[PDB]
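Novice: Sharing a structure, written as structure tokens. Questions coming.
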Amino acid sequence: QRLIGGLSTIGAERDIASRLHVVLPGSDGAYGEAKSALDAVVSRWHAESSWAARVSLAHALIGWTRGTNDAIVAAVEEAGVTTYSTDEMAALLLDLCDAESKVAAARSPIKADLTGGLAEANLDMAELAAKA
Amino acid sequence: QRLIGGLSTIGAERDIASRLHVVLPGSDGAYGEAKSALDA
Amino acid sequence: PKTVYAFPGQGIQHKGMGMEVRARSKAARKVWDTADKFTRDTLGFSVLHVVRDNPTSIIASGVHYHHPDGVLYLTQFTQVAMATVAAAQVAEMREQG
């Protein structure tokens, strides 16, 4: 949030109506830690009005990517959650940066889900970790 | 949480089955800050 | 040879009995683990703590016992300490052949 403050500050008085745009990653308990990391920036967004003319938030809950293991991928595809590669995840993440999504995120923080089935906590991380 | 760790530690091996008990306060945006303080 | 294993009585107890045996062996470490697991699951105290340190007063399942020279020195705790020390020593000297 120090970073978003500085990057919103550096082009302030030169180029008004030029709004920075942020994409937040959110990576069950790790998703809870991610949402706790979220609802401080979003709370400060709704609180302070100096951010409102410069920033445009967007958040994506990311799914499960098979790069940074094969037994983990086999276990989660037996579980049924759809995994992704890094390029697939990058395309399905960077699609939030077109003109429609930034005009929509100019009003309110978009809170998008990209998780292909791990949003339901059927299996847990240590439950897979002992198996792995 | 350092406090609850220490107070749970000091009566550990002397008195087993003796469990410390904590009451957390949570005080809209202030309630969101409180819930963020909770879910750690 | 035909031998005799004779086991002692009171007055043998002190703080830290057989802790070097627990440090040396592994079967003795196993029988210390089964002993203090059993007594913390049934009686309500840690016999490993009662031998390794000598606290002033501990709480059992229901009540608390107190002995100002040390809680190692009264009746029940002396006897269970002698029991686990004799069992650990004989398990070590039977796994050593």
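Convention: chains lettered A, B, ... in structure tokens order; per-chain residue numbering from 1; ligands numbered from 1 as shown.
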Quick one: which residues from chain B are at most 8 Å off chain A, using only C-alpha atoms, as a list in words?
Specialist: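 Close to chain A, chain B has residues 29, 32, 33, 36, 39 and 40 of chain B.
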Novice: If DSSP is run on the backbone, what residues of chain A are strand (DSSP E)? A reply as JSON, numbers by chain would be ideal.
Specialist: {"A": [24, 25, 26, 58, 59, 60, 61, 110, 111, 112, 113]}
Novice: Kindly export the residues of the current selection with N, CA, C and O atoms, as a PDB file, in the first residue's frame.
Specialist:
ATOM      1  N   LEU A  24      -4.855  -7.508  -7.543  1.00  0.00           N
ATOM      2  CA  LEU A  24      -4.403  -8.188  -6.345  1.00  0.00           C
ATOM      3  C   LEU A  24      -4.517  -9.689  -6.502  1.00  0.00           C
ATOM      4  O   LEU A  24      -5.545 -10.186  -6.982  1.00  0.00           O
ATOM      5  N   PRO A  25      -3.510 -10.433  -6.105  1.00  0.00           N
ATOM      6  CA  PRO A  25      -3.641 -11.891  -6.075  1.00  0.00           C
ATOM      7  C   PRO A  25      -4.099 -12.408  -4.723  1.00  0.00           C
ATOM      8  O   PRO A  25      -3.668 -11.913  -3.679  1.00  0.00           O
ATOM      9  N   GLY A  26      -4.977 -13.403  -4.723  1.00  0.00           N
ATOM     10  CA  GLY A  26      -5.293 -14.081  -3.485  1.00  0.00           C
ATOM     11  C   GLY A  26      -5.029 -15.566  -3.567  1.00  0.00           C
ATOM     12  O   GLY A  26      -5.766 -16.289  -4.242  1.00  0.00           O
ATOM     13  N   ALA A  58      -8.707  -4.012  -8.291  1.00  0.00           N
ATOM     14  CA  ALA A  58      -9.370  -5.230  -8.719  1.00  0.00           C
ATOM     15  C   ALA A  58      -8.659  -6.372  -8.023  1.00  0.00           C
ATOM     16  O   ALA A  58      -7.443  -6.327  -7.852  1.00  0.00           O
ATOM     17  N   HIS A  59      -9.409  -7.375  -7.597  1.00  0.00           N
ATOM     18  CA  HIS A  59      -8.834  -8.534  -6.938  1.00  0.00           C
ATOM     19  C   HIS A  59      -9.258  -9.812  -7.638  1.00  0.00           C
ATOM     20  O   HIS A  59     -10.415  -9.951  -8.041  1.00  0.00           O
ATOM     21  N   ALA A  60      -8.320 -10.749  -7.767  1.00  0.00           N
ATOM     22  CA  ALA A  60      -8.616 -12.086  -8.252  1.00  0.00           C
ATOM     23  C   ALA A  60      -8.163 -13.100  -7.216  1.00  0.00           C
ATOM     24  O   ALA A  60      -7.000 -13.088  -6.802  1.00  0.00           O
ATOM     25  N   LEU A  61      -9.078 -13.963  -6.794  1.00  0.00           N
ATOM     26  CA  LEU A  61      -8.707 -15.164  -6.054  1.00  0.00           C
ATOM     27  C   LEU A  61      -8.146 -16.174  -7.042  1.00  0.00           C
ATOM     28  O   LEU A  61      -8.883 -16.685  -7.891  1.00  0.00           O
ATOM     29  N   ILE A 110     -13.712  -4.705  -8.077  1.00  0.00           N
ATOM     30  CA  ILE A 110     -14.128  -5.998  -8.599  1.00  0.00           C
ATOM     31  C   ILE A 110     -13.468  -7.090  -7.775  1.00  0.00           C
ATOM     32  O   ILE A 110     -12.275  -7.016  -7.460  1.00  0.00           O
ATOM     33  N   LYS A 111     -14.248  -8.096  -7.399  1.00  0.00           N
ATOM     34  CA  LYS A 111     -13.795  -9.195  -6.553  1.00  0.00           C
ATOM     35  C   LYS A 111     -14.078 -10.484  -7.313  1.00  0.00           C
ATOM     36  O   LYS A 111     -15.119 -11.114  -7.127  1.00  0.00           O
ATOM     37  N   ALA A 112     -13.152 -10.871  -8.180  1.00  0.00           N
ATOM     38  CA  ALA A 112     -13.371 -11.987  -9.081  1.00  0.00           C
ATOM     39  C   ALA A 112     -12.729 -13.254  -8.540  1.00  0.00           C
ATOM     40  O   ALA A 112     -11.706 -13.217  -7.850  1.00  0.00           O
ATOM     41  N   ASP A 113     -13.352 -14.379  -8.859  1.00  0.00           N
ATOM     42  CA  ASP A 113     -12.845 -15.693  -8.505  1.00  0.00           C
ATOM     43  C   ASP A 113     -12.347 -16.371  -9.769  1.00  0.00           C
ATOM     44  O   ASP A 113     -13.042 -16.374 -10.788  1.00  0.00           O
TER      45      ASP A 113
END
Novice: Among the residues of chain C, find those DSSP assigns to helix (DSSP H, G or I) from the backbone and print them as a PyMOL selection string.
Specialist: chain C and resi 19-24+27-42+47-52+75-95
Novice: Skip range 69-71 of chain C itself and residues of its chain fewer than 6 positions away, then list as a PDB file with N, CA and C atoms, in the first residue's frame all residues within 8 Å of it, counting only C-alpha atoms.
Specialist:
ATOM      1  N   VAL C  50       7.757 -35.299  37.140  1.00  0.00           N
ATOM      2  CA  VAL C  50       7.909 -35.539  38.576  1.00  0.00           C
ATOM      3  C   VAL C  50       9.304 -36.073  38.899  1.00  0.00           C
ATOM      4  N   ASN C  54      11.664 -31.441  40.473  1.00  0.00           N
ATOM      5  CA  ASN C  54      10.975 -31.710  41.730  1.00  0.00           C
ATOM      6  C   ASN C  54      10.150 -30.478  42.069  1.00  0.00           C
ATOM      7  N   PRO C  55       8.940 -30.367  41.530  1.00  0.00           N
ATOM      8  CA  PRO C  55       8.115 -29.191  41.811  1.00  0.00           C
ATOM      9  C   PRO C  55       7.562 -29.241  43.226  1.00  0.00           C
ATOM     10  N   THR C  56       7.023 -28.102  43.654  1.00  0.00           N
ATOM     11  CA  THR C  56       6.542 -28.002  45.023  1.00  0.00           C
ATOM     12  C   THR C  56       5.197 -28.690  45.193  1.00  0.00           C
ATOM     13  N   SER C  57       4.240 -28.398  44.319  1.00  0.00           N
ATOM     14  CA  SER C  57       2.913 -28.987  44.436  1.00  0.00           C
ATOM     15  C   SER C  57       2.277 -29.079  43.059  1.00  0.00           C
ATOM     16  N   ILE C  58       1.794 -30.268  42.712  1.00  0.00           N
ATOM     17  CA  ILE C  58       1.113 -30.498  41.449  1.00  0.00           C
ATOM     18  C   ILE C  58      -0.347 -30.813  41.740  1.00  0.00           C
ATOM     19  N   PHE C  77       4.240 -40.918  44.660  1.00  0.00           N
ATOM     20  CA  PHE C  77       5.154 -40.456  43.637  1.00  0.00           C
ATOM     21  C   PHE C  77       6.516 -41.122  43.779  1.00  0.00           C
TER      22      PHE C  77
END
Novice: Rounded to one decimal in Å, what is the spacing between CA of residue 95 in chain A and CA of residue 109 in chain A?
Specialist: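 Computing the Euclidean distance for CA of residue 95 in chain A and CA of residue 109 in chain A yields 15.6 Å.
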Novice: Please report, as JSON lines, each residue of chain B lying at most 12 Å from chain C, together with the nearest pair of atoms and the separation in Å rounded to one decimal; use only C-alpha atoms, and order rows by chain and ascending residue number.
Specialist:
{"residue": "B:11", "atom": "CA", "partner": "C:58", "partner_atom": "CA", "distance": 10.3}
{"residue": "B:12", "atom": "CA", "partner": "C:46", "partner_atom": "CA", "distance": 10.5}
{"residue": "B:13", "atom": "CA", "partner": "C:49", "partner_atom": "CA", "distance": 6.9}
{"residue": "B:14", "atom": "CA", "partner": "C:58", "partner_atom": "CA", "distance": 5.7}
{"residue": "B:15", "atom": "CA", "partner": "C:59", "partner_atom": "CA", "distance": 5.8}
{"residue": "B:16", "atom": "CA", "partner": "C:45", "partner_atom": "CA", "distance": 6.6}
{"residue": "B:17", "atom": "CA", "partner": "C:44", "partner_atom": "CA", "distance": 7.7}
{"residue": "B:18", "atom": "CA", "partner": "C:59", "partner_atom": "CA", "distance": 9.4}
Novice: Give me the residues within 12 Å of residue 31 in chain C as a PyMOL selection string, counting only C-alpha atoms and dropping any in the same chain fewer than 5 places off.
Specialist: chain C and resi 21-22+25-26+36-38+48+83-92
